[PDB]
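Report on the structure given below.
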Amino acid sequence: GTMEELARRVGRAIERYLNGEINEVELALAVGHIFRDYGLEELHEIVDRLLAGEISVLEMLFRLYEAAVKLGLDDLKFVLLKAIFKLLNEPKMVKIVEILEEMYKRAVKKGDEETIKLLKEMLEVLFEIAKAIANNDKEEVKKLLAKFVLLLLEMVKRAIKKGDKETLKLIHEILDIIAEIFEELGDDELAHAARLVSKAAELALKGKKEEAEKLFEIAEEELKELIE
Amino acid sequence: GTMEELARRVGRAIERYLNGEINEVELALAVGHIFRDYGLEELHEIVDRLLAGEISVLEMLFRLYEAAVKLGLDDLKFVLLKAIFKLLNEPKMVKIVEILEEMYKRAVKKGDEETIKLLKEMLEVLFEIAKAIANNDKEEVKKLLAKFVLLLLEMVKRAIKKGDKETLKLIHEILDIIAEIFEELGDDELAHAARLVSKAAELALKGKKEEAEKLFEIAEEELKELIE
Amino acid sequence: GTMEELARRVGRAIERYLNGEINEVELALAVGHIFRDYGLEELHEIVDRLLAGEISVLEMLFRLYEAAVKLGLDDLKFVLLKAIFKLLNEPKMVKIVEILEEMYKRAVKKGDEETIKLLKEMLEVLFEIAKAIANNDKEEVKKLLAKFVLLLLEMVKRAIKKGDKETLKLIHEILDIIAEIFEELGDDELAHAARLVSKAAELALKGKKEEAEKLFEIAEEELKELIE
Ligand SMILES: [Zn+2]
Ligand SMILES: [Zn+2]
Ligand SMILES: [Zn+2]
Ligand SMILES: [Zn+2]
Ligand SMILES: [Zn+2]
Ligand SMILES: [Zn+2]
């Protein structure tokens with residue numbers, strides 16, 4: 001069939017595994033069969049490695065995400081990222097990925113192609129964040145989240161000069177979630193920068209976009225300072 | 001292999017599922033593999049739908065039966081009908097299907113081809129009965145059972161002019177089962193018509209086939225009157 | 001992939017089944033998929049017979065071993081023999097198979113091709129021993145073990161004329177295990193012959209190979225006498 005259904009099938013299999021309905025061998029067999037039905041041989045080999053017991057579910061998910069990045073499948077990428085962020089107990093990251101998926105789905109139905117590369121760099125940053133979390137190395141997580149906040153700042157700067165309004169709300173929600181994450185990680189300056197960007201986006205959405213440029217430059221200067 | 005081996009394998013898998021030995025994912029994987037081994041692609045997609053959790057076992061069985069009717073596989077049809085009538089708690093309908101299957105196996109080893117279309121029509125009627133039962137609509141069940149009784153009346157009329165004797169006993173047993181079904185459904189007139197046909201068949205089998213016809217047209221007018 | 005990784009994958013699947021991690025349907029599906037991935041169709045049909053419930057795991061292992069003997073896969077043969085001797089509660093035979101596979105692995109990395117045929121004959125003898133045990137027929141087990149001891153005697157006679165030293169230790173350990181097996185089987189003469197051969201091997205390894213030959217012919221005539 002089409003690549004959209006394939007992602008739905010794989011996602012349903014992974015949710016069945018996560019909820020406890022099926023086990024690892026059943027999940028491996030089902031996902032390998034699904035991938036083989038669509039002709040994806042590399043993904044089938046990666047799942048075969050799980051079927052042999054060499055790797056675990058999280059490692060298989062990481063390798064599947066890398067392979068899908070090489071191939072260029074988007075819905076499968078979002079499904080795999082949500083599964084990765086659900087295997088690790090982080091509901092906030094899953095919420096961020098869900099909002100980004102909604103943004104991507106809104107973007108693909110129109111001619112906006114400049115945002116797609118953004119939405120993609122941010123997916124790479126999210127993948128690096130997940131990898132760093134899996135390594136239990138908390139120092140790189142903050143820098144990667146700072147890069148994510150900078151990317152969202154660039155996207156909101158692009159969006160303000162246009163007439164979009166739902167994009168502003170979604171970026172505000174994402175930035176609020178990241179600020180909460182920063183607060184839960186024992187950091188205050190990066191959380192303050194994220195809340196500054198969120199406040200600037202809120203001001204721009206409200207109608208007073210003249211006050212937003214000073215907030216934007218202050219926030220970007222602070223973010224650049226804190227990364228180094 | 002041959003179409004007879006496939007039916008036995010699928011039936012065995014379904015009994016393993018029904019007895020509680022295997023679960024739904026294992027059953028889906030096994031049955032899809034069996035169908036793929038024999039080159040039946042459409043049945044494989046139908047089972048794939050179950051593997052994704054879109055449909056249940058009963059809906060999958062119904063779709064498999066429809067696909068096998070389109071293809072023309074008989075033993076698979078009988079296996080699927082028995083499974084359908086076993087998932088719904090109706091041993092009597094399973095007994096009717098078993099007797100029909102024995103009749104079909106007896107007929108195929110000889111040159112009798114006229115009984116084949118009648119058995120196919122009765123299989124269609126039984127499929128509609130199962131569908132109506134799944135819909136919990138009790139009004140159409142009685143009408144469909146009346147049509148089934150009329151078809152058995154036609155077959156017994158055909159068989160009496162011939163020398164068949166086991167067919168007479170099997171039709172008598174089937175008619176008794178339908179009479180019990182009608183009695184358990186809170187109906188008395190249709191049960192009386194079914195018992196009238198059974199009595200006519202028994203009289204013809206005994207040797208007094210002169211008295212059978214009066215009963216025969218009496219039962220047929222009663223059945224025609226009760227359908228409308 | 002290569003035939004070495006296939007044996008590892010199959011052995012891992014069977015180990016998972018034996019340890020209780022997976023059940024018979026999961027093992028059947030996994031092993032059939034593994035054999036299908038490498039293009040081994042006959043092994044796939046043999047596993048299919050297990051998927052349908054016609055045969056059990058032990059019978060499936062026996063048929064797979066016979067088919068691999070016909071095909072000429074050695075690592076798969078060792079894996080299947082180990083699984084067979086693990087399903088039957090016999091750790092000593094598993095130890096014998098492990099030592100034999102170590103000897104085979106040592107031999108295949110050099111130019112020694114004469115030991116390969118003798119190891120093949122001993123593998124046939126061990127397969128016959130497993131078959132006889134599965135039949136609960138104890139009298140043939142002793143004669144087959146006598147033939148195995150004679151084959152080990154031939155190998156030790158060949159190896160003494162060469163400079164091999166680890167081979168002598170391995171045959172000594174194997175002969176000690178067979179002697180323990182004979183003692184546990186309520187036999188003393190065959191156990192005495194096995195211990196005689198082991199003592200001759202130990203004497204030859206120590207450096208006094210002049211006294212080994214007398215023990216050698218004594219043990220071989222005793223073994224020939226006891227078989228008849
Ligand atoms: Zn595979
Ligand atoms: Zn503060
Ligand atoms: Zn499929
Ligand atoms: Zn009455
Ligand atoms: Zn197969
Ligand atoms: Zn003694």
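The way I read the labels, and the way they are meant: chains A, B, ... in the order of the structure tokens, residue 1 as the first residue of every chain, and ligand 1 as the first ligand shown, with later ones counted on from there.
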
At most 7 Å from ligand 2 (only C-alpha atoms and all ligand atoms): residue list as a list in words: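 Taking only C-alpha atoms and all ligand atoms into account, the residues around ligand 2 at most 7 Å away are residues 188, 189 and 192 of chain A.
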
Interface list for chain C, partner chain B, 10 Å threshold, only C-alpha atoms, as a list in words: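 Therefore, the residues near the partner are residues 23, 24, 25, 26, 28, 29, 33, 45, 48, 49, 51, 52, 53 and 54 of chain C.
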
Separation of atom CA of residue 165 of chain A from atom CA of residue 205 of chain A, in Å and rounded to one decimal: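 Value for the atom CA of residue 165 of chain A-atom CA of residue 205 of chain A distance: 6.7 Å.
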
Polymer residues at most 10 Å from residue 179 of chain B, only C-alpha atoms, same-chain spacing of 2 or more positions, as a list in words: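 Near neighbours after the sequence-gap exclusion: residues 145, 149, 173, 174, 175, 176, 177, 181, 182, 183, 184, 185, 187, 188, 189, 190, 191, 192, 193, 194, 195, 196 and 198 of chain B.
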
Backbone-only DSSP, alpha helix (DSSP H) members of segment 97-223 of chain A, as a ChimeraX atom specification: /A:97-108,114-134,138-160,166-184,189-206,212-223

Contact residues around residue 90 of chain C with only C-alpha atoms at 12 Å, ignoring same-chain residues under 3 positions, as JSON, numbers by chain: {"C": [81, 82, 83, 84, 85, 86, 87, 93, 94, 95, 96, 97, 129, 130, 133, 134, 177, 181, 184]}

Can I get the selected residues back with C-alpha atoms, as an mmCIF file, in the first residue's frame?
```cif
data_model
loop_
_atom_site.group_PDB
_atom_site.id
_atom_site.type_symbol
_atom_site.label_atom_id
_atom_site.label_comp_id
_atom_site.auth_asym_id
_atom_site.auth_seq_id
_atom_site.Cartn_x
_atom_site.Cartn_y
_atom_site.Cartn_z
ATOM 1 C CA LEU C 81 22.228 -32.569 18.210
ATOM 2 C CA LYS C 82 22.735 -30.383 21.286
ATOM 3 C CA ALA C 83 19.046 -29.434 21.259
ATOM 4 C CA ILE C 84 18.050 -33.098 20.881
ATOM 5 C CA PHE C 85 20.265 -34.169 23.790
ATOM 6 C CA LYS C 86 18.970 -31.254 25.880
ATOM 7 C CA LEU C 87 15.294 -32.090 25.318
ATOM 8 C CA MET C 93 25.739 -36.475 26.025
ATOM 9 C CA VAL C 94 25.504 -32.693 25.627
ATOM 10 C CA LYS C 95 29.014 -32.442 27.085
ATOM 11 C CA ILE C 96 30.235 -35.080 24.623
ATOM 12 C CA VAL C 97 28.682 -33.136 21.731
ATOM 13 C CA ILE C 129 22.139 -43.156 20.140
ATOM 14 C CA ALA C 130 19.668 -40.271 20.432
ATOM 15 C CA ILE C 133 17.067 -43.298 23.564
ATOM 16 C CA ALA C 134 13.919 -41.651 22.195
ATOM 17 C CA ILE C 177 32.158 -39.424 30.282
ATOM 18 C CA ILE C 181 27.425 -43.301 31.349
ATOM 19 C CA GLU C 184 25.027 -45.428 35.304
#
```
